[PDB]
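One chain is shown next in structure tokens, namely the form deposited in one PDB entry.
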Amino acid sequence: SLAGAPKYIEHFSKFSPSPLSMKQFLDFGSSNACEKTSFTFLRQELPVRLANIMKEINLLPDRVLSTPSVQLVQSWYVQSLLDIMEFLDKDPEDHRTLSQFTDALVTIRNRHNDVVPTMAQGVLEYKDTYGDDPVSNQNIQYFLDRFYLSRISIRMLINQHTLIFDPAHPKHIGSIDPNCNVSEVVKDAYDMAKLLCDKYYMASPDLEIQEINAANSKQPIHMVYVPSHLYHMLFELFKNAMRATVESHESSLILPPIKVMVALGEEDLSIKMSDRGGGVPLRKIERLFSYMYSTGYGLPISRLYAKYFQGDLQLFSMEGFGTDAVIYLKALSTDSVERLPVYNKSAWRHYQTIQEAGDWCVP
């Protein structure tokens, strides 16, 4: 009783995703009239976001697209789109529509649970089947950043709806903490990483936290954010900083601590994690964010979480000494706007690459 998926994909891919600000997410209420609004918004917005990214999947190299794991993920997206299409003609006034819709979103979230490692298997299949080539590799890199960020955004919309309209922290709005204590999240991530480091190495570096609240030097630093995302980024950074520290100090009983600075400025809330884990040459930094060399998507995915609300995650090392990692976040909820890839000529053109000698000299 539904049209073929391609008809829906073509229709919805014409629209641009509509980025929401942290402030907008937060300003969304929990009434039945709010739920109807969420419903009528999401039955348009989720298909738009699904369609847009599905169109880009089709731009992947034939070699990548032909892999069974990429084809599997595609099929999940198709079914999720179709699931939502069942609601196009349903009455928001009917409470059964709303409850069924929430169930359908839960089913979609579960279906897509293993998307990240499934796509990674697809990349591995491409490499095993054909051997990798630099043109395909660049396309894969460009695509995966956009695909994973798109996924993050879709999961955000679904979690917001299901959490609000169906409780550890009643003060949270869905997955959003309007008063996230940044240092508390830092400590939580450190604690968990320490458990892992202690398990394997029977030791771990201590943590030192310093806050710089530029405008209000006394006040503990808080922000509007999704703590699970911040936790995710910090846990990944701690794991790397701890491993570097212990491994570069095999002969020592005294380990240099990991130092974190949390700075609050007018526009940025920045979190720097500094280790003395011996560092890595500049040449090897890019590779840390590479899906190909990582085929462990911890770092590239953490950076996408940072970028999702207009932030970033940057690494700077000093080979022979150690490494600084910085999470840049927007200080203000009004500046924290979803960063969403969109399917258009620009995106399309970016895939249109091919083999040739670069614009810089080789000896």
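Residue numbers run from 1 along the displayed sequence. By rigid core we mean the largest C-alpha set that fits within 1.5 Å across both forms.
- Modelled in this chain, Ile221 is likewise resolved in all the other entries of the protein that span it on both sides, not missing from even a third of them.
- In none of the other PDB entries of this protein that model the residues around it does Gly279 lack coordinates, well short of a third.
- Per the record, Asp166 and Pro167 are separated by 4 to 9 deposited residues that have no coordinates.
- Per the record, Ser69 and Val70 follow each other directly, and no deposited residue is missing between them.
- Stretch comparison (26-34 versus 322-330) by mean CA B-factor in the PDB entry places 26-34 on top.
- On average the C-alpha atoms of 98-106 have higher B-factors than those of the other stretch, with 185-193 and 98-106 being the two compared.
- Across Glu236, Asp177, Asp133, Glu266, the entry's maximum B-factor at the CA atom is seen for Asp133.
- If you compare the C-alpha temperature factors of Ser217, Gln121, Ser80, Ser153 in the entry, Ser217 comes out highest.
- Annotation for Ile53: C-alpha temperature factor in the middle third relative to the rest of the modelled chain, per the entry.
- Ranked against the other modelled residues of its chain, the C-alpha B-factor of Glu250 as given in the entry falls in the highest third.
- In the deposited entry, the Cα temperature factor of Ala347 places it in the highest third of its chain's modelled residues.
- In this PDB entry, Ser302 carries a Cα temperature factor that places it within the lowest third of its chain's modelled residues.
- Annotation for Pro92: CA B-factor lies in the highest third of the chain's modelled residues.
The form deposited in another entry exists for this protein as well; it is not shown, and the discussion that follows is about that form.
- Looking at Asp128, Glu247, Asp198, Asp91 after a core superposition between the shown form and the other one, you find that only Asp128 has a C-alpha shift of 2 Å or more.
- Put the two forms on the same core and the Cα of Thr102 is off by less than 2 Å between the shown form and the other one.
- Core-superposed comparison between the shown form and the other one: CA of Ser175 displaced by less than 2 Å.
- Relative to the superposed core, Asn137 shifts its CA atom by 2 Å or more between the shown form and the other one.
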